[PDB]
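First to last, the sequence lines map onto chains A, B and C. Per the deposited numbering, the first sequence starts with residue 344, numbered consecutively. Per the deposited numbering, the second sequence starts with residue 99, numbered consecutively. Per the deposited numbering, the third sequence starts with residue 442, numbered consecutively. Note that CB positions come from ideal geometry on N, CA and C, so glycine has one too.
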Amino acid sequence: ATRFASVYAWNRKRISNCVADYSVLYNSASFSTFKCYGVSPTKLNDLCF
Amino acid sequence: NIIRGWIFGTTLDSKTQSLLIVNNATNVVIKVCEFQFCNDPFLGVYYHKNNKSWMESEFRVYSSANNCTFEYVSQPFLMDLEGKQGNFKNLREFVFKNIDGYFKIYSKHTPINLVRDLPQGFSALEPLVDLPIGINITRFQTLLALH
Amino acid sequence: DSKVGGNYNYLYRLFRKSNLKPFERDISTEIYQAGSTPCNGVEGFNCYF
Numbered sequence: 344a345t346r347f348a349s350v351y352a353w354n355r356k357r358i359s360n361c362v363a364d365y366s367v368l369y370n371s372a373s374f375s376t377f378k379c380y381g382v383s384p385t386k387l388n389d390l391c392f
Numbered sequence: 099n100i101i102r103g104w105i106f107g108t109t110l111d112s113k114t115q116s117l118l119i120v121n122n123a124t125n126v127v128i129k130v131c132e133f134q135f136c137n138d139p140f141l142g143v144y145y146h147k148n149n150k151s152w153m154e155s156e157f158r159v160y161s162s163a164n165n166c167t168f169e170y171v172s173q174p175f176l177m178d179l180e181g182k183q184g185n186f187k188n189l190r191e192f193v194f195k196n197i198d199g200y201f202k203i204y205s206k207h208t209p210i211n212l213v214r215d216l217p218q219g220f221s222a223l224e225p226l227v228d229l230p231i232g233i234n235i236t237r238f239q240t241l242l243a244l245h
Numbered sequence: 442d443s444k445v446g447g448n449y450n451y452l453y454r455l456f457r458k459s460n461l462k463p464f465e466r467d468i469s470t471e472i473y474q475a476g477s478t479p480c481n482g483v484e485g486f487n488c489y490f
């Protein structure tokens, strides 16, 4: 956004009632490490969290 | 309508993870937050004569609040704000298990009818909702209301 | 977040007297009792931040 919070006091946000996608993780910024634990990571558009 | 507030935490003086839950007259204010307390926790309402108006005054729960780790700010609505004497009418039973960190909340609410100490008969404690916290819990206290 | 003089607005906790629980935050900045001589906010010996 412009600024997050530090590591001793991490920042929290609530997310609901919206449609998401990971295919748009390729345009606004290039991510260096993108790993998902415990679920098939390219199936995010296939479930309901 | 007597018990309104609650606090869930180990040290309950903003040194270990110490929740504040208050089912107040309008909003759900549930705050897993750093909270500093007085001696014996209470809530407060006051009632008039010319109109039958219950007015909300008292706040001696926390002196300080900056931090929050799990805040829960829900819909406002009207509370009937009773004090009505007679037969016992309301069980609002809140059975708490905490397996694998996530503190869990049940719901079971019934318009019962008797005079005194807890009625018998079966009443299920079926699952309602799970606040998915992961924190240090050793004790808890309750905040009553003062009518 | 990399400034020419440095970005000193973000902090990490160097040491903590106990360990953590998951999904938890503490910002208490009391003087870290490393050994003997309890601190009470003096930063003497065995008294770190």
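Answer with buried or exposed for residue i, where buried requires no fewer than 16 other C-beta atoms within 10 angstroms of its C-beta.
i, result
"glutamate 132/B", "buried"
"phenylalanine 135/B", "buried"
"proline 217/B", "exposed"
"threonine 167/B", "buried"
"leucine 117/B", "buried"
"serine 112/B", "buried"
"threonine 114/B", "buried"
"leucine 461/C", "exposed"
"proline 139/B", "buried"
"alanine 372/A", "exposed"
"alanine 363/A", "exposed"
Apart from the five residues on each side of it in sequence, which residues of its chain come closer than 7 angstroms, Cβ to Cβ, to residue i?
i, result
"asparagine 122/B", "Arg102"
"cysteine 480/C", "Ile472, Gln474 and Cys488"
"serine 477/C", "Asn487"
Measure the Cβ-Cβ separation of residue i and residue j and say whether it is below 8 angstroms.
i, j, result
"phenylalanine 192/B", "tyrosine 204/B", "yes"
"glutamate 465/C", "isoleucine 233/B", "yes"
"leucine 241/B", "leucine 179/B", "no"
"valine 143/B", "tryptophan 152/B", "yes"
"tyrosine 351/A", "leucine 452/C", "yes"
"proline 174/B", "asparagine 99/B", "no"
"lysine 206/B", "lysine 195/B", "no"
"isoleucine 210/B", "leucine 226/B", "no"
For residue i, collect the residues of the same chain with a Cβ closer than 6 angstroms to its Cβ; drop the 5 residues on either side in sequence, then sort them by chain order.
i, result
"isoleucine 128/B", "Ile119 and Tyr170"
"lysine 458/C", "none"
"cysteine 391/A", "none"
"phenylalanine 456/C", "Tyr473"
"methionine 177/B", "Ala123"
Pop quiz: residue i and residue j are said to be a contact at Cβ under 8 angstroms. What is the actual Cβ separation, rounded to whole angstroms?
i, j, result
"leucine 223/B", "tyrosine 200/B", "Not quite, the Cβ-Cβ distance comes to about 17 angstroms (not below 8 angstroms), so this is no contact."
"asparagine 165/B", "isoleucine 468/C", "6 angstroms"
"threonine 236/B", "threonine 108/B", "4 angstroms"
"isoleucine 197/B", "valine 130/B", "Not confirmed; about 18 angstroms, so no contact."
So which residues on chain E does residue i lean against when the C-beta distance must stay under 8 angstroms?
i, result
"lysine 462/C", "Annotation note: the requested chain E is absent from the structure, which comprises protein chains A, B and C."
Quiz item: Going along the chain, which unbroken runs of the beta strand (DSSP E) with 3 or more residues stay wholly within the stretch 162-215 of chain B?
Solution: Listed in chain order, the complete beta strand (DSSP E) runs (minimum 3 residues) inside the stretch 162-215 of chain B are 166-171, 186-190, 200-204 and 207-212.
Quiz prompt | Complete beta strand (DSSP E) runs within the stretch 101-155 of chain B (minimum length 3 residues, chain order) | solution = You should have 101-106, 117-121, 126-131, 140-145 and 152-154.
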